[PDB]
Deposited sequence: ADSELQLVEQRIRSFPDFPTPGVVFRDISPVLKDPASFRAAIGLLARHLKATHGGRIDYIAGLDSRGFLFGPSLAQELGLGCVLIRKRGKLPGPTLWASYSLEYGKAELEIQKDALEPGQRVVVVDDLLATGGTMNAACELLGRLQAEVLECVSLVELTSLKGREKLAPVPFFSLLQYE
């Protein structure tokens, strides 16, 4: 099955850097990658029809899926970057993730008020990163339709921190 093609390509590294779920094998197997993008695209098409304006990809591992998913849906991809990386006027927000702290940034002209966005990242843990991205999109007055990822770590309850924003993952681990 398609989902199995993705599932078979997650490898785990205990005690890095925590059981680190490595998405690398998904990228390295063209069949696995196409299955992951296809499943995500199919989901978003079915759930939001044609109400999506842009995909937003989260620096850095989110960059691996964002543009491909956007392309599969005939949509542009906007970039939400680690602070200090984007040129021109920006907004930023600080946050905590599973194994540290960071800050995200977005260009002020990335989106206009009301525009509809789906945020994509590789993996959802505590939900801190995804929430910060939602906060930034919020300051631009964009509407966040949904957040999605390849992997979700259910024990960390990231889904709860995003509620009531819908969240969808292809794979779940405790």
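Missing residue ranges, deposited sequence indexing starting at 1: According to the deposited record, C-alpha coordinates are absent for 1-2, 20-22, which together make up the missing parts.
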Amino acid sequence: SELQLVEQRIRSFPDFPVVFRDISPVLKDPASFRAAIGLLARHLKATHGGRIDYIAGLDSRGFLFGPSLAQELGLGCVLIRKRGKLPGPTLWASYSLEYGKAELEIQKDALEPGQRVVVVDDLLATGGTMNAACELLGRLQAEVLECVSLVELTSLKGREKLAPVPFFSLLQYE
From here on, numbers count along this sequence of modelled residues.
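Of 110-118 and 56-64, the one with larger mean CA B-factor: Comparing 56-64 with 110-118, the higher mean C-alpha B-factor belongs to 110-118.
Mean C-alpha B-factor comparison - 22-30 and 47-55, higher one: Between 22-30 and 47-55, it is 47-55 that shows the higher mean C-alpha B-factor.
Ranked against its chain, the third holding the CA B-factor of residue 80: It belongs to the lowest third of the chain when residues are ordered by C-alpha B-factor.
Residue 156 - Cα temperature factor, lowest/middle/highest third of chain: CA B-factor rank for residue 156: highest third.
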